[PDB]
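In the structure tokens that follow, a single protein chain appears in two forms: structure 1, then structure 2.
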Structure 1
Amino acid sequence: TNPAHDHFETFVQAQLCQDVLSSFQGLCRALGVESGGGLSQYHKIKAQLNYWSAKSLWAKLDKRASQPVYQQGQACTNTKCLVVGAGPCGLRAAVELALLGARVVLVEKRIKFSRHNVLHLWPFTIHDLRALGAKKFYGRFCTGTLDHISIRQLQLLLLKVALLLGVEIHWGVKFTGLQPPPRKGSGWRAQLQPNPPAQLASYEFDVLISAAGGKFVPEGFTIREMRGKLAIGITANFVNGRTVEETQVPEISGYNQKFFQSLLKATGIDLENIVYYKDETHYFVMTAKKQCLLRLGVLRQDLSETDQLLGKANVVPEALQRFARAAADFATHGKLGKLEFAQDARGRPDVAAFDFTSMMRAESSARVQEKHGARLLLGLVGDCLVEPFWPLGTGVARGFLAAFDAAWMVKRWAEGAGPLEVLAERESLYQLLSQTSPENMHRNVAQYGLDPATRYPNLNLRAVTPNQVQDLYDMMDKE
């Protein structure tokens, strides 16, 4: 028996964060390496696992790692990064920073991956993930014509790649701000809760990537919010027994129908849209009008403030359950048989209401701060950059594009391009993000890489100039 093989194989199949971490530590012990140790550790792990279970994975990862943009792991070798958030986007960003050869530490306030809701994937992201070994880590990955994945499964497979690539991850620690350089010769550090170990507390970095999700409010960044017409989203997960009969039930990708009237007549349910993905669960997302929610007992009081309206006190869980099951049942014409709610992490029926009204996007995707001669590049990636409207399925795509554009920006930074040029180039790319679609991007997704010219047709990297981004560079002194 071979402990390294045993731990690698457990690591591959692990379905819980704690199991991924513990099997990875066992693997590191067996192979004479450390976790969080950069590409040198990746090289030592893979050299020692040239065998049936692992061979195909190293082939894929080495293929990506060999793309010219990474300069064989030397592009950012003097760059130190802190990534905030182990969501799909912060993990995807870290993988990229790791391939560039940067030192990558990532902090995440939670300690498990608990979300089961299902995310739509554009063709480029499906290729992207397959090319990182998704099939090895997740046997069900975008099989057939399926183009979606549950959040926690996406997190698990990206966590595994990040770990193999030597990203140093800390859990149960909340990024709360920055400790500015105290004097010349000092670097930037993070404010973290609760008190972290000497190494983390004193960890200095020149790049901060914030991928902390929709509710994180980035400091120094201007955020644009528009409150539109009230819209209330509801998501639900039902147990999928994966029977032959259940598989026949067609998905619903997304009133342009007589359907919504016939739904309203039969049930009293007034919807604007409904979506059904056949994933690890039978997952539904729908947008409901407030008046039918009040009428059907889902909402207790007609409160004018949306966050009170959709607050825990105003939502009746039993009525929300009847509402979601009745809509899902009607939408799929009963062909899923008797729907049973899947359980959330806490053991409750997995159904929830969300504010679909306000859409937020950062005014800029990056800033630079300098104090005492120490420069810090700050980048936003994922939901904290632009909040996705879930039914339209742009979340993973635009999060990953933001992750790529941030990493390219870090390559430019590492080249010594200087704060204003780095920001102007990044912002020229950012102007495109909310208009992106598969249709208007480069068609050859197999050739997508960090270089934005691989991804964005007829690229104007000067759409924004150095002079226009001056306010994004907070140079506090001349040191």
Structure 2
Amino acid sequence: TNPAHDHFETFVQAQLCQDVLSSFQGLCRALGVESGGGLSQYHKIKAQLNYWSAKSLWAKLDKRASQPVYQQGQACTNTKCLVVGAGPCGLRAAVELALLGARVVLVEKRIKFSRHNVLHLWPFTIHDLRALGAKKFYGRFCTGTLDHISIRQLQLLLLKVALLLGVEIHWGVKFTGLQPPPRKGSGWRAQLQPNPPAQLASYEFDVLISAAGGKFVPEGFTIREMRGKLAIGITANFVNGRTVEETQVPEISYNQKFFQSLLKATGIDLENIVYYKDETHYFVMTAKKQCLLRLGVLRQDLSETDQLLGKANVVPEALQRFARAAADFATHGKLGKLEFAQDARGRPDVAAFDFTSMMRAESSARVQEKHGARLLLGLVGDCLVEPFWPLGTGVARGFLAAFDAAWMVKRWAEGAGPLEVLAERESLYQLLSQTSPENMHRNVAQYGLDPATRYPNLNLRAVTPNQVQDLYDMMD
């Protein structure tokens, strides 16, 4: 037997977040290496795992790792990064930084991946994951003409790569803010909860990339907030037994006469509903507040969206008989008595969500300088832009914010100059909405950090550094 061979293989097969870390520390032990020690650790790992079950992955990884851009991992060799949040994008950012050769510390306030909700995928993201060795880390990946990963399956897959490329990950730790460098001869340090491990508290860094999801407002940035008429969104996951007759029900994605025939037997009033068949029978529907008060899923009509959706106002029981009512008729009962999958809490996976307010940051980047040290702050993903989930551009643009944040760190580690690096980034960010698979570079395969492999007719000078004068924060 060969502990190293065995540990790598359960590590790859791992379906629990606490088991990715477990088997990995074991592989590190077996290969006489450490985790969170960068590419020198990655290089020591791969060389000693020169065997059938691993070699195709190193080719894939190194092929990317040696794309013209990363300078064979020498570009950001003098850059210390802090990445906040281990959602899909944050991890993608870490991967990108790891490859650029930056020191990568990722902090994350949870301790597991418990979200089942299925995410639609763009042709280009599908391929990106494939090139990162998704097919080894995940069996049922974009399986068939299917183009959807589940949140946790994505996170697991990405985490395994983050670890391989030597990202230092700390769990159960909350980013709160920043410690200003107290003197002429210090650097920027984070502010973490609950009390972080010795080194992490003293870990200094010039690049902070926060991918801490929609709800986190990072100090200094201005968030624009558009509100329209209310849209309540229900999501539901039912267990996929994958029985022959259970896997013979087509996927779905008020206009058609179906949304009309839904009111007949069930009396459920929905404008649109979506079905995905993944690890779970995924359903997402947009409900009318008019009928949610009627069939008593919401207890009482509160005029302010936020309050109308609290744990108190939402009846959990009726939400299940509402969700299964829509799900049962939607498949014409071809899936039988559907049982919910659980959280997170043993609670059944069903949630009433908000679709009313779309948060967008005014700038995607900000630089802070105090007593000599420069700090580059970048947003990536949901905290940069809040996506209309029915359209499904979240993973697409998060991954884009990630690529365009890594390009920023590249120019940064060339000393390009605060006002400039921002102007490049902000010229690219001005595109982040327009972006569709329709208006972007056709050769998906050729996609890389160089933003012009992605954006046709790109203008790096759409914003002059004189238009961003106050995104640079000279505190003295």
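Each residue is numbered by where it sits in the sequence of structure 1, with counting from 1. If you superpose the two forms and keep the largest set of C-alpha atoms that fall within 1.5 Å, you have the rigid core.
### Message
Which one moved? Candidates are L303, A374, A131, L264, criterion is a Cα shift of 2 Å or more between the two structures after superposing on the core.
### Response
One residue passes the 2 Å cut-off, namely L264.
### Message
For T247, does the CA position differ by 2 Å or more between the two structures when the superposition is done on the rigid core?
### Response
Yes, the C-alpha moves 2 Å or more.
### Task
Could you tell me how many Å the Cα atom of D329 shifts between the two structures when the rigid core is held superposed?
Residue shift at the C-alpha: 2.0 Å.
### Query
In Å, how large is the C-alpha displacement of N78 between the two structures after the rigid core is aligned?
With the cores aligned, its C-alpha sits 0.2 Å away.
### Query
By how many angstrom is the CA atom of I274 displaced between the two structures after fitting on the core?
Displacement of the alpha carbon, after core fit: 1.1 Å.
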